[PDB]
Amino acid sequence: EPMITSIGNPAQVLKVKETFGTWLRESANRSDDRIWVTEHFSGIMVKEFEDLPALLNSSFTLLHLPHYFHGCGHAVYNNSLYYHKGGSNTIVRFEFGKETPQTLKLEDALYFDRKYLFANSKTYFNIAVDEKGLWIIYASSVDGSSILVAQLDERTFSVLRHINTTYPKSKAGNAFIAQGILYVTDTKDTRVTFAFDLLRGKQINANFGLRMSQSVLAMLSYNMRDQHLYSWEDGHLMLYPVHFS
């Protein structure tokens, strides 16, 4: 049982102009220092930064995606960007350098017309990677409400199972996944108030503070390589230490 019981004080990395965005780092290995950024909740470009100093100096190169993204729920893993293809129920896996895409359809997912998984961050899909798997958080188009998590096989970009948390998206601000546990924030994105053991398929007790700010939270992501939460909060890129008990 590695379960998170508290979150440390955040560190501010950088202030930027756009209210919504993502910032992403690799977690498959410890040799890649690149940082990727998307701005806004709709677009087709990604900014790539060589390392933290390049990020701090706004020194980026531009990557052109094969399809527009929606939302702020993307993830990077093993030199690939996973993102929601805007206007569809399709997830794109875009491999860097070779700059070519693969796709996965989630047939029973909400995906347009503001039927968001996380309304606060205009997000329909949240891809997450941790110590226990590659995951896609989404909301059911069948009941219109339930948060589901697809567990993927990374090597084949295919779905192994669809897990029903039974938790209604209207109660969720945002979420992240660590050591195989889904942690979901309240609607004001100040506390984690729900958790779900994805491997055992059951709710588990969790309630702990995340932050005091109530500025808009655009992105919230756990990185297993450094065991920090990464966030984008109204243009502030932040890092939070995590404490496991």
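All residue numbers refer to positions in the sequence shown, first residue = 1.
Two stretches are in play, 92 to 100 and 106 to 114, and the higher mean C-alpha B-factor belongs to 92 to 100. Across the two stretches, 185 to 193 and 28 to 36, the PDB entry reports the greater mean Cα temperature factor for 28 to 36. The residue among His74, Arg161, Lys169, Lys122 whose C-alpha atom has the highest B-factor in the PDB entry is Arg161.
Highest CA B-factor among the listed residues (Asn174, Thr156, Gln151, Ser146): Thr156. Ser6: CA B factor in the lowest third of modelled residues in this chain (values from the PDB entry). The PDB entry assigns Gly201 a C-alpha temperature factor belonging to the highest third of its chain's modelled residues. Split the chain's modelled residues into thirds by C-alpha temperature factor. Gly209 is in the lowest one. Among the modelled residues of the chain, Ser140 sits in the middle third by CA temperature factor in this PDB entry.
The deposited CA B-factor of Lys17 belongs to the highest third of values across its chain.
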